[PDB]
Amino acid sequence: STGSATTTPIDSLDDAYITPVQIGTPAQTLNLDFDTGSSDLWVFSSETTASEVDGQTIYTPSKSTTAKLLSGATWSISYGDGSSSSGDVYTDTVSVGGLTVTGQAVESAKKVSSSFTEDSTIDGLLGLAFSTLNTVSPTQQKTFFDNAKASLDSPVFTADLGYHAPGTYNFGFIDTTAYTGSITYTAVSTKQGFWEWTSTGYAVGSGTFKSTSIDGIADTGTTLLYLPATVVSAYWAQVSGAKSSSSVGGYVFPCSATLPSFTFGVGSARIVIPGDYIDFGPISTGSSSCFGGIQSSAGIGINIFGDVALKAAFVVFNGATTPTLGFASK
């Protein structure tokens, strides 16, 4: 079997992408953020503290005939930006784009951080990293992808994120009309539970390609591209007037500047990120300083190939017994 679902930016800057997901019987449709950097499926629910909910659609397990409380199970998660949420666990039926899994763990948020509360467009997260990162205790739970794997035609899913436009998440097949050229596959390490891979180098604008190994993760749940300080400094040095700002918390640049592209290596292939993808607009309404889409990973401890990078490519998440990541131009 297969599934296919459209994913849509939540705002004009592509800060995140939401995909409709059907939970329960009869279906309750929630807009979830598909996150290849985490492994929990959690949703705002009828159990979320009422002051912590500001316009989100909530999952109501009492109205689902297929929902079963997973007795004793709890979950607690903290993201790399300091966001947090926690609660109890139901199992229910979950469908994405026609692909249905029965008995999927659905983690009902009793408490959510203020970050999620103030984002009315995101009803929850659907984690697509490896199940070793799932936070359910004492019985760790499997991701949606892991539960769907056996019934999928191929154990893959693909991310085709759009630039200021809708895109597609496909499960179980590779749409050969969605990319140009060939797909370049590269090895994945699962040792930290992420889709972790090694980029073969980079180039700034039309400069020479620097061959150098950049270890990092493929993370649809992270907006920006976080790379080592040396790479980020070489990028921003090509933008007139760019500087790292302590009060803003990263590199900013004059909104009047035009940005060079950024190229990253995948084995022998090259993925080019257009300079327009790196513009995240004014740091405040009316400001002439704009925020950069490429920032240093120094404070984070891991390099993150977020949406800025992934939306320049067609990306295959191959969950075969030896997992790989495939990249193609599009």
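Residue numbers here begin at 1 and follow the sequence given.
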Per the entry, higher mean C-alpha B factor between 104 to 112 and 256 to 264: 104 to 112
Between 48 to 56 and 34 to 42, which has the higher average C-alpha B-factor in the PDB entry? 48 to 56
Highest recorded C-alpha temperature factor, please, choosing from 228, 167, 80, 127. 80
Entry record, C-alpha B-factors for 158, 220, 233, 76; the maximum is at 76
Sorting the chain's modelled residues by C-alpha B-factor and splitting them into thirds places residue 286 in the middle
When the deposited Cα B-factors of this chain's modelled residues are ordered and cut into thirds, is residue 224 in the lowest, the middle or the highest one? lowest
Where the record places residue 69 (Cα B-factor, split into thirds across the chain): highest
Of the three thirds of Cα B-factor ranks in this chain, residue 251 occupies the lowest
Place residue 162 in the lowest, middle or highest third of its chain's C-alpha B-factors, as listed in the PDB entry. lowest
